There are 2 protein chains.
Amino acid sequence: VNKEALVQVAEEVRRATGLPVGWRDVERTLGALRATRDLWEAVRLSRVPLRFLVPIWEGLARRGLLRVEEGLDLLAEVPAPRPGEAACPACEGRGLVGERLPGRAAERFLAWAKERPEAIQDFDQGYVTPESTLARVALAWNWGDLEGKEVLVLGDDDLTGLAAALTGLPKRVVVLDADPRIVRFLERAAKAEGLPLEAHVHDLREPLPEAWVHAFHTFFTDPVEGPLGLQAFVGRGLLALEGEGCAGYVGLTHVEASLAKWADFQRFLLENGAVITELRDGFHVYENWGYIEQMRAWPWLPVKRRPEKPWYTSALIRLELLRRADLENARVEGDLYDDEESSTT
Amino acid sequence: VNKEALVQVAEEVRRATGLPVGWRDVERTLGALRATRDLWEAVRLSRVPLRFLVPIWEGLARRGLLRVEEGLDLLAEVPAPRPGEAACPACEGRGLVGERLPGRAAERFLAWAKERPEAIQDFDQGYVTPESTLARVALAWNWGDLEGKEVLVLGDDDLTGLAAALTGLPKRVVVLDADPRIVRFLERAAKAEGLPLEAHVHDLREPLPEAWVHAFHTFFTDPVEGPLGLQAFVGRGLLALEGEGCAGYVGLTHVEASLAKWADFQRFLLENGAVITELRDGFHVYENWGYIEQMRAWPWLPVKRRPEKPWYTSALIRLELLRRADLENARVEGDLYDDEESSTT
Ligand SMILES: CSC[C@H]1O[C@@H](n2cnc3c(N)ncnc32)[C@H](O)[C@@H]1O
Ligand SMILES: CSC[C@H]1O[C@@H](n2cnc3c(N)ncnc32)[C@H](O)[C@@H]1O
Ligand SMILES: NCCCCN(CCCN)CCCN
Ligand SMILES: NCCCCN(CCCN)CCCN
Ligand SMILES: [Fe+3]
């Protein structure tokens, strides 16, 4: 197997699906398979969308390069790099450790996370590990985006708002979520701990209310990944920021977003006056959600076994505004949970 | 002292200098000074250009907010966050570690580093610590940008090329540098260790030779940071990549580049076919160079004592091409080593 084989597998998939699948996506697919035969692990190692993975694995099987039988087994020596093991074990490759946060935030957060609302399918929910929440908050601590600042959290299954509020740092934390279970849990924690934390039921398919426009120094979001998802979560965040000097924290996956779409996201940020100052790939590790068998991709999977360990991960982005973001504050139209590269909804 | 003072301090500096100095840079300046009396540590904690910090420190002193003597001491309570301390100590916040590299590369690189050429001012040199180099290469290993790949290094006081060769992963490594000392050291190492590693004297102000155009899968550079430096090094590197699916690794400082120049750099990348997949800020720690008292900024400093520990740092950026970059291969006109934001030449 040689380099042109990778090119032809991609073009074939590009022809069937209309999606931006290139040869390096095929290389990555094969590279992961050098290290694992487990489907979920292959996904984690690959950094390719699950929507691309399925037809690539099938194209590869058609050519006799891959055996699909209770696992994904390579049949040939391949022209693809093996995954390297360079990640720092002490911080799981993050570079940041939440244990270091003040106000004993890390230990107090673990107590709350034990009673957290379970992830549900209606809102594309699936929460990150506690260490991932605490480290995302620690990035914001390190960049001076918590202390004395007004913090907005757009969707909060991860409980970032709680973690941010437990540090003692923020002036206040406001959390928006469509799910009353998350709002109520946050309001129970706020009252029990004495935290300057409020939470409100709001569906981000509808415009951001005027109280929250240009009213915050810092936002966090781990959003749905459409262009619709970027209108519903990130565009709203940008509009919520007062302006120059305000910062945003954004989750970004490979599983549901290609590099062509990472580039569309980055171009959206740069054209609306922001700049990226951190992009830590693989920063968030997700806890397995209960509804995996009900997602769109499940019937497509070549091997179907419930995962037993984490496999879904995302990058953490920090952006900062160089000027005020005057974006439209419009309704989302179209199905937020049906992006063409989505798979876990 | 309210936020409007922060804005006035920035507006004065901006008006005096013509440079993009904003309120958040003044907040960052002050935030750092909450945490240290030491000028070099204040630079490291600030994330502000030294060309900015000098006049901000002077503007603060003029308003009776900062005492400047054998240390920098704040004279009032200030609305500025204290920088957080959540970096993982194990990997110095990078998330990556060199020790696991293949070929026993870490251990072998350390021994060659002991005899490295010392940094000279003629070429704006200043090498990162050995672990910074190794971690930079390890990021490339984790992203599959070394194994069976053709690697170009554009400038190499850091000896990234030797470190990458020592893994035994690349197909080959080509190093270009204007300094014959760097070239000759690499040749000797290549010969002694039997590595597929070659080095050539080349001045990046001149066109990339045709034999290196669109010839590589991976490049590394830690470049001079003007518009011009970014054209001589990064624009060359992009031209050197074959195209879609190829990777670049770029060092980018706060010390000599503002957030506005970071945003100009990011837009350059995105409009030339690239996408950022990693941006780890503060990844590289730099060893203190000999000619510090002959650098441009030295007479500007409000206190003048040799640094006893590291203070200059830079981000590590990973870019990937979504398509071929067809940039011009023209001669770079102007003064490479005299960018408006430069301070360490
Ligand atoms: C997208 S999953 C991250 C979070 O955003 C929330 N979320 C998902 N969809 C919406 C929506 N349309 N409006 C508001 N919050 C949402 C979820 O309930 C979860 O806490
Ligand atoms: C910017 S310093 C990093 C490296 O680039 C090299 N360098 C600096 N200027 C040039 C140039 N004009 N052409 C090639 N290499 C350069 C230095 O010798 C060093 O090893
Ligand atoms: N469907 C469960 C996985 C959700 C991942 N995130 C969506 C990103 C892809 N569009 C939301 C996670 C919130 N913590
Ligand atoms: N003048 C000494 C400091 C120069 C910094 N540059 C050194 C590059 C080689 N390691 C890098 C600036 C970041 N692009
Ligand atoms: Fe670490």
# chains A, B, ... in the order shown; residues from 1 in each chain; ligands from 1
>>> residues_near_ligand(ligand="ligand 3", cutoff="7 Å", atoms="only C-alpha atoms and all ligand atoms", output="ChimeraX atom specification")
/A:121,124-128,157-158,222-226,252-253,256,289,342,344-345
>>> residues_around(residues="residue 286 of chain A", least_positions_apart="4", cutoff="9 Å", atoms="only C-alpha atoms", output="ChimeraX atom specification")
/A:126-129,132,310-314
>>> select_by_dssp(residues="segment 85-168 of chain B", states="alpha helix (DSSP H)", output="VMD selection string")
chain B and resid 105 to 113 130 to 142 160 to 166
>>> write_last_selection(atoms="N, CA and C atoms", output="PDB file, in the first residue's frame")
ATOM      1  N   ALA B 105      16.320   9.630  21.912  1.00  0.00           N
ATOM      2  CA  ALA B 105      16.699  10.941  21.402  1.00  0.00           C
ATOM      3  C   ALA B 105      16.977  11.992  22.515  1.00  0.00           C
ATOM      4  N   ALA B 106      16.279  11.899  23.654  1.00  0.00           N
ATOM      5  CA  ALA B 106      16.406  12.869  24.719  1.00  0.00           C
ATOM      6  C   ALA B 106      17.826  12.827  25.289  1.00  0.00           C
ATOM      7  N   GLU B 107      18.228  11.624  25.670  1.00  0.00           N
ATOM      8  CA  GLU B 107      19.530  11.406  26.250  1.00  0.00           C
ATOM      9  C   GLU B 107      20.641  11.798  25.272  1.00  0.00           C
ATOM     10  N   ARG B 108      20.460  11.521  23.986  1.00  0.00           N
ATOM     11  CA  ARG B 108      21.501  11.798  23.032  1.00  0.00           C
ATOM     12  C   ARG B 108      21.609  13.282  22.693  1.00  0.00           C
ATOM     13  N   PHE B 109      20.463  13.943  22.585  1.00  0.00           N
ATOM     14  CA  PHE B 109      20.402  15.366  22.349  1.00  0.00           C
ATOM     15  C   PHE B 109      21.073  16.176  23.470  1.00  0.00           C
ATOM     16  N   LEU B 110      20.828  15.803  24.724  1.00  0.00           N
ATOM     17  CA  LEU B 110      21.472  16.444  25.864  1.00  0.00           C
ATOM     18  C   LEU B 110      23.012  16.500  25.715  1.00  0.00           C
ATOM     19  N   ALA B 111      23.616  15.406  25.283  1.00  0.00           N
ATOM     20  CA  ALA B 111      25.085  15.352  25.191  1.00  0.00           C
ATOM     21  C   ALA B 111      25.599  16.280  24.084  1.00  0.00           C
ATOM     22  N   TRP B 112      24.931  16.321  22.938  1.00  0.00           N
ATOM     23  CA  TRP B 112      25.300  17.260  21.845  1.00  0.00           C
ATOM     24  C   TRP B 112      25.045  18.725  22.214  1.00  0.00           C
ATOM     25  N   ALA B 113      23.992  18.983  23.012  1.00  0.00           N
ATOM     26  CA  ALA B 113      23.647  20.322  23.463  1.00  0.00           C
ATOM     27  C   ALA B 113      24.755  20.945  24.282  1.00  0.00           C
ATOM     28  N   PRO B 130      17.050  22.783  26.377  1.00  0.00           N
ATOM     29  CA  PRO B 130      16.977  21.448  25.730  1.00  0.00           C
ATOM     30  C   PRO B 130      15.602  20.750  25.774  1.00  0.00           C
ATOM     31  N   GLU B 131      14.909  20.865  26.913  1.00  0.00           N
ATOM     32  CA  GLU B 131      13.595  20.266  27.055  1.00  0.00           C
ATOM     33  C   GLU B 131      12.529  20.966  26.198  1.00  0.00           C
ATOM     34  N   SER B 132      12.710  22.254  25.935  1.00  0.00           N
ATOM     35  CA  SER B 132      11.814  22.984  25.035  1.00  0.00           C
ATOM     36  C   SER B 132      11.961  22.417  23.621  1.00  0.00           C
ATOM     37  N   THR B 133      13.208  22.209  23.195  1.00  0.00           N
ATOM     38  CA  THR B 133      13.454  21.631  21.886  1.00  0.00           C
ATOM     39  C   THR B 133      12.829  20.237  21.821  1.00  0.00           C
ATOM     40  N   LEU B 134      13.090  19.411  22.838  1.00  0.00           N
ATOM     41  CA  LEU B 134      12.651  18.079  22.801  1.00  0.00           C
ATOM     42  C   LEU B 134      11.150  18.022  22.830  1.00  0.00           C
ATOM     43  N   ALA B 135      10.519  18.899  23.618  1.00  0.00           N
ATOM     44  CA  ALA B 135       9.070  18.915  23.694  1.00  0.00           C
ATOM     45  C   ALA B 135       8.515  19.352  22.336  1.00  0.00           C
ATOM     46  N   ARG B 136       9.173  20.281  21.669  1.00  0.00           N
ATOM     47  CA  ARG B 136       8.684  20.760  20.340  1.00  0.00           C
ATOM     48  C   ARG B 136       8.683  19.586  19.346  1.00  0.00           C
ATOM     49  N   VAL B 137       9.770  18.830  19.323  1.00  0.00           N
ATOM     50  CA  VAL B 137       9.845  17.651  18.492  1.00  0.00           C
ATOM     51  C   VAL B 137       8.777  16.603  18.928  1.00  0.00           C
ATOM     52  N   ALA B 138       8.557  16.427  20.237  1.00  0.00           N
ATOM     53  CA  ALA B 138       7.576  15.476  20.694  1.00  0.00           C
ATOM     54  C   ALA B 138       6.138  15.795  20.233  1.00  0.00           C
ATOM     55  N   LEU B 139       5.788  17.071  20.196  1.00  0.00           N
ATOM     56  CA  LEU B 139       4.506  17.518  19.620  1.00  0.00           C
ATOM     57  C   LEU B 139       4.411  17.034  18.168  1.00  0.00           C
ATOM     58  N   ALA B 140       5.525  17.181  17.401  1.00  0.00           N
ATOM     59  CA  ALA B 140       5.531  16.732  16.016  1.00  0.00           C
ATOM     60  C   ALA B 140       5.400  15.168  15.905  1.00  0.00           C
ATOM     61  N   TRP B 141       6.054  14.453  16.811  1.00  0.00           N
ATOM     62  CA  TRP B 141       5.855  13.057  16.905  1.00  0.00           C
ATOM     63  C   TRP B 141       4.388  12.683  17.206  1.00  0.00           C
ATOM     64  N   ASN B 142       3.787  13.323  18.194  1.00  0.00           N
ATOM     65  CA  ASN B 142       2.376  13.027  18.536  1.00  0.00           C
ATOM     66  C   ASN B 142       1.420  13.302  17.425  1.00  0.00           C
ATOM     67  N   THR B 160      16.619  21.871  16.652  1.00  0.00           N
ATOM     68  CA  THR B 160      15.412  21.064  16.469  1.00  0.00           C
ATOM     69  C   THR B 160      15.662  19.955  15.442  1.00  0.00           C
ATOM     70  N   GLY B 161      16.370  20.297  14.349  1.00  0.00           N
ATOM     71  CA  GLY B 161      16.741  19.323  13.340  1.00  0.00           C
ATOM     72  C   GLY B 161      17.544  18.117  13.865  1.00  0.00           C
ATOM     73  N   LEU B 162      18.541  18.371  14.685  1.00  0.00           N
ATOM     74  CA  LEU B 162      19.276  17.275  15.337  1.00  0.00           C
ATOM     75  C   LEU B 162      18.366  16.479  16.235  1.00  0.00           C
ATOM     76  N   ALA B 163      17.544  17.176  17.018  1.00  0.00           N
ATOM     77  CA  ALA B 163      16.650  16.467  17.881  1.00  0.00           C
ATOM     78  C   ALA B 163      15.646  15.563  17.093  1.00  0.00           C
ATOM     79  N   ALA B 164      15.081  16.074  16.004  1.00  0.00           N
ATOM     80  CA  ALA B 164      14.203  15.341  15.162  1.00  0.00           C
ATOM     81  C   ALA B 164      14.934  14.158  14.448  1.00  0.00           C
ATOM     82  N   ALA B 165      16.173  14.382  13.964  1.00  0.00           N
ATOM     83  CA  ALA B 165      16.972  13.325  13.375  1.00  0.00           C
ATOM     84  C   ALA B 165      17.266  12.205  14.379  1.00  0.00           C
ATOM     85  N   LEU B 166      17.548  12.565  15.607  1.00  0.00           N
ATOM     86  CA  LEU B 166      17.915  11.594  16.622  1.00  0.00           C
ATOM     87  C   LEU B 166      16.815  10.603  16.967  1.00  0.00           C
TER      88      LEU B 166
END
>>> closest_atom_pairs(of="chain A", to="chain B", cutoff="6 Å", atoms="only C-alpha atoms", output="tab-separated table")
residue	atom	partner	partner_atom	distance
A:24	CA	B:245	CA	5.4
A:81	CA	B:144	CA	5.1
A:83	CA	B:142	CA	5.8
A:84	CA	B:142	CA	4.3
A:86	CA	B:96	CA	5.5
A:87	CA	B:96	CA	4.7
A:88	CA	B:96	CA	5.0
A:93	CA	B:95	CA	4.0
A:94	CA	B:95	CA	4.8
A:95	CA	B:95	CA	3.9
A:96	CA	B:87	CA	4.7
A:97	CA	B:86	CA	5.6
A:100	CA	B:86	CA	5.3
A:138	CA	B:86	CA	5.9
A:141	CA	B:84	CA	5.0
A:142	CA	B:84	CA	3.8
A:144	CA	B:81	CA	5.1
A:147	CA	B:81	CA	5.3
A:245	CA	B:24	CA	5.1
A:263	CA	B:275	CA	5.3
A:275	CA	B:263	CA	5.3
A:278	CA	B:279	CA	5.0
A:279	CA	B:279	CA	4.5
A:280	CA	B:278	CA	5.7
>>> atom_distance(atom1="atom CA of residue 257 of chain A", atom2="atom CA of residue 183 of chain A")
28.0 Å
>>> residues_near_ligand(ligand="ligand 2", cutoff="10 Å", atoms="only C-alpha atoms and all ligand atoms", output="number ranges by chain")
B: 117, 119-128, 153-159, 175-183, 200-206, 221-225, 229, 232-233, 251, 332, 336-337, 345
>>> residues_around(residues="residue 241 of chain B", least_positions_apart="4", cutoff="8 Å", atoms="only C-alpha atoms", output="number ranges by chain")
B: 213-219, 237, 246-247, 324-325
